[PDB]
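Only one chain is included here, represented as structure tokens and corresponding to the form deposited in one PDB entry.
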């Protein structure tokens, strides 16, 4: 008999798995919401703000009507190469945002030392991709890498139809802190990472007024062979593609249909993405430069360093946020958590869900969320930034590992507003002027110099309907 080869690998469940890390795809969790788990690992945070700051050049008349299509293509060309490096070095890409990606090497405590060496090597090869790279006089095509290691907590929250996850705790805080100390082409180790690493492998230098360190060189011992060392390390990597599947970037490419598993995985993915995965919408429909309103919610916790406390609080906030967003087809695009603020990137006017009075509604929703979350047990401070304008939307990453992402000056502004004006609902000039609302509903704010924002315009507090 004949033996036709090639297993079919293009099932809906595989296409869904592209939008999720192995932490979720291979997770098998209890139904309780919230769900918490605890483990150890090495984290890599790759600052990609250098080439995602491109959103400005692609809004120009020079791109004719194809700014969004050109932007997604060039971003994915560069980001795909970073993803391949992380995946071949055995990492799990957790999440993408406009300005970063976060990757995880989950391992037993005894193996943290050797895995740090692997992740340092990966980081240096990432930098190597961008050595002679630019556009239109501008080698702003470089990255900044922060590494951390130690205890990691995972939180899964949601309802019967939607799920979200976060990694939290000190190593998570550390990796953000490490990456914001980095200059272009740097690899910064968190203080705990430096304490746990194989110091014989690396030459470091001090970071002024910091216990975190900069990797100058990976200079291994005389008898060292990285390839043999990496093969030993794969003993500890549960899902490293191997044997018959050594040619694949992810074991998740081999997932077979399983309705119970697919029911669980689909809850993490937006319905319009599922429509495209089901071949019920054109594959290019979601790449667009689209007017939206960003509602960026930040929740700060009473006891920030307690996972068992913050998980229920985030679940409670989430149940309210989701009910409020449903009323106006608002969507949670991302949830992120670092300086023990949990932040929800909410979007009004995504593709196929654009309501007319987007501005008035975004403000009313912001105030509703603000009032409710302010009364949630263990939530110390709620802060909400509201900004409106043209943003890039699209699926960003590699064919085998990608996520729908929103990128733009208005996303960065709403993020900055919630941090620089804590404890209140703020909005930009577009929102204020557009809203069908009387001027005494607002308070014109002092101008603050905010990181990455230049010419923010006048900013306002949404005070609400009454003096109170």
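Numbering follows the first chain given and starts at 1. For clarity, a rigid core is taken as the largest C-alpha set superposing within 1.5 Å between two forms.
The protein also exists as the form deposited in another entry; that form is not presented, and the subsequent description refers to it.
Enquirer: Would you mind telling me which residue of 67, 34, 50, 27 shifts its Cα by 2 Å or more between this form and the one not shown when the core is superposed?
Expert: Among the listed residues, the outlier is 50.
Enquirer: For residue 304, is the C-alpha shift between this form and the one not shown 2 Å or more after core superposition?
Expert: Yes, shifts by 2 Å or more.
Enquirer: Answer with closer or farther for the CA-CA spacing of residue 428 and residue 52 in the other entry compared to the shown form; it moves by 3 Å or more.
Expert: Note: Cα gap between residue 428 and residue 52 shrinks in the other entry.
Enquirer: Work out the direction of the Cα-Cα change for residue 248 and residue 52 in the other entry: closer or farther than in this form? It's 3 angstroms or more.
Expert: Relative to the displayed form, residue 248 and residue 52 move farther apart in the other entry - a change of at least 3 Å between their C-alphas.
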